[PDB]
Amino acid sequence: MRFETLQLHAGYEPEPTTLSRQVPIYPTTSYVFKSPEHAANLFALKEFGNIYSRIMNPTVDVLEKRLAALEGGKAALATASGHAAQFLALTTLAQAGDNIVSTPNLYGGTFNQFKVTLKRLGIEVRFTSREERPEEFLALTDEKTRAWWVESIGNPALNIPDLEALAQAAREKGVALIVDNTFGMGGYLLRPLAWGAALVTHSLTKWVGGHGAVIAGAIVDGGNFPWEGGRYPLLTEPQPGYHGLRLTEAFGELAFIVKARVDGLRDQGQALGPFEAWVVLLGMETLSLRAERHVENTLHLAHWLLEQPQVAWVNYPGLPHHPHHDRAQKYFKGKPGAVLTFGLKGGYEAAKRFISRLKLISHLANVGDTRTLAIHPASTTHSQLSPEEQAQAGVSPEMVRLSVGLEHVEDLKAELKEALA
């Protein structure tokens, strides 16, 4: 009752000068200053929402306010990519010396970001077991623990975390729980903030954008996590970039999203650009319609793939006899995303053959386009790893990953049948 209307209207009222119905693109680097006073105010953070700059573009501003509305959150901040949003978030609450605790069931790229990049910058990422229990989160946390990280639907095995208990635990302890909600389609399938996460992160490049046209990421702040504790000196310190201003004092419950902007984004410069933000808004306008058709296509193909003689198994979490099926229902109302996995009975060789017979389905490594995508990681993504380190990563040699698009399901059935022969 309302997502459908937010995704068309939240964050933008027709611009007063032109009364344009569509959001304008402001391919600008700069904004003339209304007066020296307004200009003094901008640099002092005294007129926050109202003066535009190299770090708040008005086209990007619509995207942000809209995303916050779609996630049930209070404010959002866009960046040049999902990776840059994860990095800017973590780097806003943590500095060299700190650590964070993460599920290890991570998107290939976020694993490496944790293990190599953050490590090098003196931010220790400690990993839970693959079952990512709240106990193990708690067990790994100490005075310098700065966040816990988990994904709405985890990387290789498509597990759903134990989100309610995780959130209660993190809050109980006073750690910011951050959920990478990319697989929750912008809050449509799931809003982690509603279940008590502190912060959400997205690769908008995937289903929010939707059309495989732009790379983009975002952080969404619920505005309800106490930064005051003593766990977040970075948020409470007087701020050297702003002449000793205290962000928790000037901005209260929004101090995080404000800091990520005026400090992290200001210094590191992962600007999302305005055309790109504009192209995201376009895909956001149909987010719920694509979401629904995605998830229906995915269920249908999950069932169908099992009835197939050449298929050993299928891993979608919305299948009835799945490990985490109760969780699919609790969190995603029965609709846990649009990525499934399946093993071929003819193994690695047959998986390779299947990819080579694809015609309509595209052979590539992304997820979340309108078009249906397939990859055989064992021969591709992870082909640099030995089979033993592969199996180590949860990558089984006969597994194909399907990111199910919006084509007619009968056309997809015909294609899969052909490719599987």
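When you see a residue number, it is the position in the sequence shown, counting from 1.
A.B. asks: With reference to the PDB entry, specify whether the mean Cα temperature factor is higher for 288 to 296 or for 106 to 114.
C.D. replies: Looking at the recorded C-alpha B-factors, 106 to 114 comes out higher on average.
A.B. asks: On mean Cα temperature factor in this entry, is 192 to 200 or 271 to 279 the higher one?
C.D. replies: Per the PDB entry, the higher value belongs to 192 to 200.
A.B. asks: If you check the C-alpha B-factor for each of 341, 182, 81, 248 in the entry, which is highest?
C.D. replies: Highest CA B-factor of the listed options: 248.
A.B. asks: Report the option among 59, 370, 392, 29 whose CA atom has the maximum B-factor in the deposited record.
C.D. replies: Out of 59, 370, 392, 29, the record gives the largest C-alpha B-factor to 392.
A.B. asks: Check where residue 352 lands among this chain's C-alpha B-factors and tell me if it's the lowest, middle or highest third.
C.D. replies: It falls in the middle third of the chain.
A.B. asks: Relative to the other modelled residues of the same chain, rank the CA B-factor of residue 416 and answer lowest, middle or highest third.
C.D. replies: For residue 416, the deposited C-alpha B-factor lands in the middle third.
A.B. asks: Ranking the modelled residues of this chain by C-alpha B-factor as given in the entry, is residue 69 in the lowest, middle or highest third?
C.D. replies: Lowest third of the chain for residue 69's C-alpha B-factor.
A.B. asks: Quick one: classify residue 207 as lowest, middle or highest third of the chain based on its Cα B-factor.
C.D. replies: Ranked within chain, residue 207 CA B lands in the lowest tercile.
A.B. asks: Considering every modelled residue of the chain and its Cα B-factor in the PDB entry, is residue 233 in the lowest, middle or highest third?
C.D. replies: As the PDB entry reports it, the C-alpha B-factor of residue 233 lands in the middle third of its chain.
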